[PDB]
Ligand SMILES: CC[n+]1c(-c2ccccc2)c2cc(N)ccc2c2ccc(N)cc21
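Below sits a lone chain in structure tokens, taken as the form solved without the ligand.
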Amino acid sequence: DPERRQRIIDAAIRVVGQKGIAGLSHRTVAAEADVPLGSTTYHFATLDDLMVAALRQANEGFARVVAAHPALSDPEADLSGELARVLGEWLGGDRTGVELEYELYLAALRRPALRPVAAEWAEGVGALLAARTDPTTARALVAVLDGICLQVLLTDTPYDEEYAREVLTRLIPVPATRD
């Protein structure tokens, strides 16, 4: 029982993309990853375990984009404008891929074992923004940019960057003289 762990994780993501999260089972990934079922359960005893791994890897979509935006840390750069731009890039990528990433993320709604992992996405963004604005504002930018994405993917309404920017700006404290 070797290094098939990555093969299985990739397949698990493949299954969710095609059949959706409800079509992900120990057997479907085994079949999709072309590995015996015994392998599947050895690497991921429970289904929660396989999903926690599929989510950690899916969270890589948003993470790459944030990484491709170093200005998100530059004090002289506009926060909301760069933030609204990051969402656009993310939402503009492989539709089925964004859908998949968001699906696993939401799967934590009713699966207690996925909540910690789902928090990872938010802990990460919040920390990044915590270097540019206070913790409360950061917490709020996280919740709202999350709501904006869901809004687009749920109502099938095209992303509106300018709108996203005005909304995000309304959440950032205005600086005072002493600042």
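Take the two forms, find the largest set of C-alpha atoms that superpose within 1.5 Å, and that set is the rigid core. Note that residue numbering follows the sequence shown and begins at 1.
Per the PDB record, of the two stretches 31-39 and 123-131, 31-39 carries the greater mean B-factor over its C-alpha atoms. For the pair 162-170 and 21-29, the mean Cα B-factor is higher in 21-29. Ranked within its chain, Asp74 lands in the highest third, by CA B factor from the PDB record. Ranked against the other modelled residues of its chain, the C-alpha B-factor of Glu99 as given in the entry falls in the middle third. Per the PDB record, residue ranking by Cα B-factor puts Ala54 in the middle third of the chain. Among the modelled residues of its chain, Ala138 has a C-alpha B-factor that falls in the lowest third according to the deposited record.
For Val117, the recorded CA B-factor ranks within the highest third of the chain. Only modelled residues enter the ranking.
Beyond what is shown, the protein has a form solved in complex with the ligand; the following relates to that form.
Figure legend: unbound chain with the ligand modelled from its position in the bound PDB entry by local C-alpha superposition. Site blocked, with three or more ligand atoms within 2.4 Å of backbone or C-beta atoms. In the bound PDB entry, the ligand lies within 4.5 Å of some heavy atom of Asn59.
None of the heavy atoms of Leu47 is located within 4.5 Å of the ligand in the bound PDB entry. Taking non-hydrogen atoms only, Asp146 approaches the ligand to within 4.5 angstroms in the bound PDB entry.
In the bound PDB entry, at least one heavy atom of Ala122 sits within 4.5 Å of the ligand. Heavy atoms of no residue among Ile8, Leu24 and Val35 are located within 4.5 Å of the ligand in the bound PDB entry.
Along 34-54, no residue reaches a heavy atom to within 4.5 Å of the ligand in the bound PDB entry. No residue in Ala113, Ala140, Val152, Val66 other than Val66 shows a CA shift of 2 angstroms or more between the shown form and the other one after fitting the rigid core.
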